[PDB]
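Working notes, beginning with the structure itself.
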Amino acid sequence: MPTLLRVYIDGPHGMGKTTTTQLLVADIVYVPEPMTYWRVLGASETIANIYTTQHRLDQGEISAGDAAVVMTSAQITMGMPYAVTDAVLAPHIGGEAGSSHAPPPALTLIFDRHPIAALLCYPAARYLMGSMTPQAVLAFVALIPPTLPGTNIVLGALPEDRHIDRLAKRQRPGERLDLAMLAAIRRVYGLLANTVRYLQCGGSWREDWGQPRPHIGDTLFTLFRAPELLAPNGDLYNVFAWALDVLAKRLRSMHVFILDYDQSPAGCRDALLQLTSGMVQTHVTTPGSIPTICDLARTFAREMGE
Amino acid sequence: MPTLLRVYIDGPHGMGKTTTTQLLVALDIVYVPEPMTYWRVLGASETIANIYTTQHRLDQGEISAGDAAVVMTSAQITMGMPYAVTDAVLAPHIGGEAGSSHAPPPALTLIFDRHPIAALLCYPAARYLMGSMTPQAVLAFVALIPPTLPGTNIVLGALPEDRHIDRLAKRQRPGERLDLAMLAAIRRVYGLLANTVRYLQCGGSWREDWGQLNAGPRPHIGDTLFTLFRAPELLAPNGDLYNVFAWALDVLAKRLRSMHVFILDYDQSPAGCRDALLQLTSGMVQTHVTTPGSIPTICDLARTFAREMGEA
Ligand SMILES: Nc1nc2c(ncn2COC(CO)CO)c(=O)[nH]1
Ligand SMILES: Nc1nc2c(ncn2COC(CO)CO)c(=O)[nH]1
């Protein structure tokens, strides 16, 4: 059975993931950011609506409950392309193919972002701005797809000042340079990194909730000590406790790697290739699995990629 | 090797589903209620009053399509979370099919009030059909529909419209208001779901039948859920569904293909719907469980869900 290697380039925006990922491409397909869906197919300038609303909230022109609706709905438009792609690609994914110290894959897929970014990370960041309710965030987490084998997540490490410099240059249409959002999102990713490691080292959130591997205070679980989620006595409602169970299960089998972005696109692209050797690949489930994938990828890039 | 039996009583609101379910449980059996408490206090405040009010405002002409849709799609993610987690926490326990149609009796029977697709597809569609939501968003939800676990027996129910209406005109749901337009929309939507499931089981293909827009003969695609997704919005100038939307429909057929749909007529006495549903139950697929200790676990979380989100 042929082997596939999927790589999800993910992390906060404005670090040049794209600029480097293209330089890697132009055995390998690259699934681009679904801009056309965000700007036209799914709605109409979602990115702008998102940033405006936060801004209008940031100025008091509208309420935090009103901003919450709009913020939650948009996130539904922002993450769909990732959901369909994962639901359709899941049947073809077999099981771990003795990753590392193995052979070179028949096909490498570089996705631009994983469904958790739109389902977990950004909404988390949006709550942290007072635009999203923690209940709504937990609603998206409950809907997070089971973790297929070989999910390699590449997150980025960039110094603030440098991320503030690149960010400014690469502004999506309708996007405003919200530095707080920049800060909330990098925190979220930092914690996401810590969580997967906390989990992979045997961490039980339920055991530590009363507050080697990271300490729970340094994991996504910290944000769930929100007054809205607890009973009149502080007991986490079970509905939310269970969602957390799901979160914990989804993340621990994820394979995460770090790409130092503080460098030239050549450097970035070079490194990204390096990381590829420690990555987990998988056996396609069938002969026609490979070519079927290629077309999902190409048909995607072609229709949504902007 | 113990076996589990799961039954999801779905269908439109106002037919007497809760009662029959309550009755059936009174005759082991575990009942997973309607997380009403999550719907009006825990998850968001008085979500039902919102849904119904907002559609009303939309209808009266005090709200615009975008304004309402934005409000309706948030309300839906809220309404569905309980079912979503329940499914995900249940999931790791469900094992392979076992069978009931002339097979032994389960160790546990879970009667769930509704199924996730209620929140993630039927109602959303009805609202799209009401103009308070968009096909794209309905499709976004469809993409998030959890994978179907084996032995998912879905009981849908019937009642003539006229009796459905008087039945609705009576027992007042907190926050609801007799929106007859919605009632019919919801009935068509669950009608099509029955057909879709049957359409897909009779070998039918949507792509193969796109150009045309068992428990009886094979249904005309135009009688299945798919017929709802022929809206300009989802159309490429080439006349075909943009792939995005077309892949959403591929999942909708993967999800509904392995469900076991059963119809229970609610045009009868409560004791009878009970007995009637007690009958359908004889030939409902069973599943084994993965860890023997799944029975106690499944049993306790079913009770926890009830004590925290029920009745309200
Ligand atoms: N899912 C989600 N993504 C968001 C959001 N804000 C910003 N992004 C993603 O960043 C943009 C550019 O600002 C494209 O990379 C948001 O609220 N939700
Ligand atoms: N998810 C969702 N559920 C709805 C809606 N309208 C009604 N219900 C559910 O019916 C209520 C009372 O009418 C009890 O379940 C709606 O727009 N979305």
Side-chain angles (χ1 to χ4, degrees), chain A residues 10-15 17-18 33-35 38-39 46-51 53-54 70-82 112-113 115-127 129 131-132 140 167 170-178 181-182 184-185 306, chain B residues 10-14 17-18 33-36 39-40 47-55 68 71-83 113-114 116-130 132-133 141 168 171-179 182-183 185-186 189 312:
Chain A
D10 199 287
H13 52 153
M15 300 190 298
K17 305 146 44 187
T18 52
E33 199 176 86
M35 181 73 59
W38 299 337
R39 298 232 284 144
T46 315
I47 289 181
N49 183 81
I50 290 182
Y51 283 97
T53 306
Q54 181 75 40
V70 181
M71 206 55 102
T72 309
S73 160
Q75 308 296 328
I76 289 284
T77 310
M78 295 294 300
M80 191 238 180
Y82 309 141
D112 190 79
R113 300 198 120 108
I116 52 164
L119 290 188
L120 162 58
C121 302
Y122 275 88
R126 284 299 167 157
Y127 145 67
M129 294 293 271
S131 31
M132 195 96 78
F140 286 105
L167 208 196
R170 65 268 293 139
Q171 276 242 93
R172 308 294 171 157
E175 175 189 0
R176 308 184 202 250
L177 242 167
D178 198 321
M181 182 55 221
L182 206 245
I185 199 60
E306 192 173 286
Chain B
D10 220 297
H13 53 153
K17 316 182 295 77
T18 68
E34 201 171 60
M36 191 62 64
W39 297 342
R40 48 203 292 239
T47 304
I48 304 301
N50 233 13
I51 290 179
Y52 287 88
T53 293
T54 317
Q55 177 75 46
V71 177
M72 281 288 201
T73 133
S74 304
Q76 303 306 326
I77 318 186
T78 283
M79 296 285 300
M81 122 95 103
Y83 306 117
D113 176 272
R114 307 229 115 129
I117 79 153
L120 298 177
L121 166 64
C122 302
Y123 276 92
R127 289 297 179 175
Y128 155 51
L129 240 30
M130 291 293 317
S132 36
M133 194 151 331
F141 288 145
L168 209 198
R171 273 209 56 51
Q172 307 80 1
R173 193 62 63 106
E176 183 196 309
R177 60 188 71 170
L178 184 71
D179 185 17
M182 172 59 233
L183 200 237
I186 205 40
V189 181

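Lettering follows sequence order; numbering is per chain, from 1. Both backbone and side-chain heavy atoms feed into the values below; hydrogens, waters and symmetry mates do not. Atoms within a ligand are numbered from 1 in the order they appear, just like the ligands themselves.
Atoms of ligand 1 found under 4.0 Å from any heavy atom of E175(A) (numbered from 1 in listed order, with element): 12 (C), 13 (O). The ligand atoms of ligand 2 that sit less than 4.0 angstrom from a heavy atom of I51(B) are 16 (C), 17 (O), 18 (N). Numbered from 1 in the order shown, with element, the atoms of ligand 1 that lie under 4.0 Å from a heavy atom of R113(A) read 15 (O). Shown in contact with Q75(A) at under 4.0 Å from a heavy atom are these atoms of ligand 1, numbered in order with element: 1 (N), 2 (C), 16 (C), 17 (O), 18 (N).
The protein heavy-atom contact nearest to atom 3 (N) of ligand 2 is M79(B) CE, 3.3 Å. Annotation: atom 17 (O) of ligand 2 to nearest protein heavy atom, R127(B) NE, 2.8 Å. Of all protein heavy atoms, the one lying nearest to atom 10 (O) of ligand 1 is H13(A) ND1, 3.1 Å. In terms of protein heavy-atom proximity, atom 15 (O) of ligand 2 is closest to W39(B) CZ3, 3.2 Å. Looking only at heavy atoms of the protein, atom 12 (C) of ligand 2 is closest to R173(B) CG, 3.3 Å. Protein heavy atom in closest approach to atom 6 (N) of ligand 2: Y52(B) OH, 3.2 Å.
In terms of polar-atom proximity, defined here as any N/O pair under 3.5 Å, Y123(B) makes no such contact with ligand 2.
The closest side-chain heavy-atom distance from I76(A) to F141(B) is below 4.5 Å. In this structure, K17(A) and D10(A) have side chains that are not in contact, with every pair of non-hydrogen atoms separated by 4.5 Å or more. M181(A) has its side chain out of reach of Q54(A): every pair of non-hydrogen atoms, C-beta onward, lies at least 4.5 Å apart.
Looking at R113(A), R172(A), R170(A), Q171(A) one by one, the single match for side-chain contact (heavy atoms from CB on, under 4.5 Å) with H13(A) turns out to be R113(A).
No side-chain donor from either of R126(A) and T72(A) sits under 3.5 Å from a side-chain acceptor of the other.
To the nearest 0.5 Å, atoms OH (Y122(A)) and CD1 (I50(A)) are separated by 10.0 Å. Remark: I47(A) CD1 to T77(A) OG1 distance equals 11.5 Å, nearest 0.5 Å.
In this structure a side-chain-to-backbone donor-acceptor pair under 3.5 Å is present from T47(B) to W39(B).
In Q55(B), neither the side chain nor the backbone holds a heavy atom less than 4.0 Å from any atom of ligand 2.
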